[PDB]
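Q: For reference, the structure I am asking about is given below.
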Number of protein chains: 2
Amino acid sequence: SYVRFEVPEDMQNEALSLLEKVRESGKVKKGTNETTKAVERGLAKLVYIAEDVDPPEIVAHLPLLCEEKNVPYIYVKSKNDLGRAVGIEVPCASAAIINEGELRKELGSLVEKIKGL
Amino acid sequence: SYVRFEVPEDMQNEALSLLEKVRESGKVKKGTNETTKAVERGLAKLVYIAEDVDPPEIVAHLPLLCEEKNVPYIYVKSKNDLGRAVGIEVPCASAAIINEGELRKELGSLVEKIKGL
RNA sequence: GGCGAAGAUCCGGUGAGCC
RNA sequence: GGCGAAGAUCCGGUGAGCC
């Protein structure tokens with residue numbers, strides 16, 4: 001298939017909880033273009049990438065480059081569900097964490113749960 | 001009426017007739033943005049401004065900003081007449097000549113006819 | 001109520017085509 | 001037939017509002 005990572009529901013939902021309570025403290029990028037070029041700036045602390053993208057063309061590129069710049073990234077759920085997580089009113093194929101707010105020291109834990117594959 | 005130098009009709013028609021036969025003879029920029037950059041870059045030797053343009057604004061800036069950069073300019077009644085004269089298929093509020101093609105002597109005499117009203 | 005991060009609006013550049 | 005130098009298309013920035 002498109003993205004080559006598999007991930008249980010519980011930690012995907014951990015991604016939506018972290019992304020749901022990051023906005024009040026840090027910064028987040030919404031949408032695949034802002035994610036791709038915000039990370040291409042080198043400013044990603046954790047990337048959101050989803051497989052329910054149609055056509056797969058939409059994001060079939062960013063996990064690989066997020067492995068190059070060695071920025072964390074996680075395959076998560078439905079575009080809609082993350083859309084609610086980042087708190088915009090529309091589906092979202094890809095997101096990013098740009099500033100860690102007052103929470104900071106969980107994002108590392110999540111990156112190493114990503115390193116499991 | 002932003003006509004700050006009232007130009008005769010016969011002189012308008014001679015200017016548009018001259019402007020008719022200089023589009024593979026010389027080079028002309030079409031449209032208020034291309035005319036205004038023609039004056040700003042500094043490569044316009046004679047710009048045409050139509051006076052029935054509405055809103056006036058759309059080209060109202062170009063005679064004064066044109067005079068300051070000391071590029072001559074001449075006034076024309078209908079935007080339509082100018083637009084069809086400069087062989088494009090739509091009305092045109094403002095035009096410019098940036099290269100005089102082979103017509104150095106006629107445009108020279110006409111420029112001196114402008115500087116005088 | 002419809003459209004919208006599968007990118008709304010706006011801006012810059014480009015300059016004669018697009019349906 | 002319609003739209004178009006009162007800027008078609010295309011490219012750029014911006015990132016959440018527009019009817």
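Read the figures in this text as sums done on the coordinates, not as results from a lab. Note that we place each Cβ from the backbone using ideal geometry, even for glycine, and neighbour counts take in every protein chain shown.
Q: Considering only region A:62-117, how many residues are closer than 15 Å to A:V22 by Cβ and of a type in the set (K, R)?
A: Total meeting the criteria: 3.
Q: Count, please, the residues in region B:84-117 that happen to be assigned to a helix (DSSP H, G or I) and in contact (Cβ under 8 Å) with a residue 12 or more places away in the chain.
A: Residues in region B:84-117 being assigned to a helix (DSSP H, G or I) and in contact (Cβ under 8 Å) with a residue 12 or more places away in the chain: 7 in total.
Q: Given region A:1-82, what helices (runs of 4 or more DSSP H) lie entirely inside it while holding 1 or more residues that are in contact with a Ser or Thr (Cβ under 6 Å, 6 or more places away or on another chain) and surrounded by 15 or more Cβ atoms within 10 Å (Cβ to Cβ)?
A: In region A:1-82, the matching helices (runs of 4 or more DSSP H) lie at A:32-40, A:62-68.
Q: Here are some residues: A:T36, A:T32. Which one is in contact (Cβ under 8 Å) with a residue 12 or more places away in the chain, farther than 23 Å from A:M11 by Cβ and more than 14 Å from every other protein chain (Cβ to nearest Cβ)?
A: Only one candidate passes the filter, namely A:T36.
Q: Can you tell me which residues in region B:40-59 are farther than 10 Å from B:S94 by Cβ and either more than 12 Å from RNA strand D (Cβ to nearest atom) or touching a residue at least 24 places away in the same chain (Cβ under 8 Å) (or both)?
A: B:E40, B:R41, B:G42, B:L43, B:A44, B:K45, B:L46, B:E51, B:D52, B:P56
Q: Any residue in region A:43-56 that is more than 16 Å from RNA strand C (Cβ to nearest atom), over 20 Å from A:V22 (Cβ atoms) and aliphatic (A, V, I, L, M)?
A: No, region A:43-56 contains no residue that is more than 16 Å from RNA strand C (Cβ to nearest atom), over 20 Å from A:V22 (Cβ atoms) and aliphatic (A, V, I, L, M).
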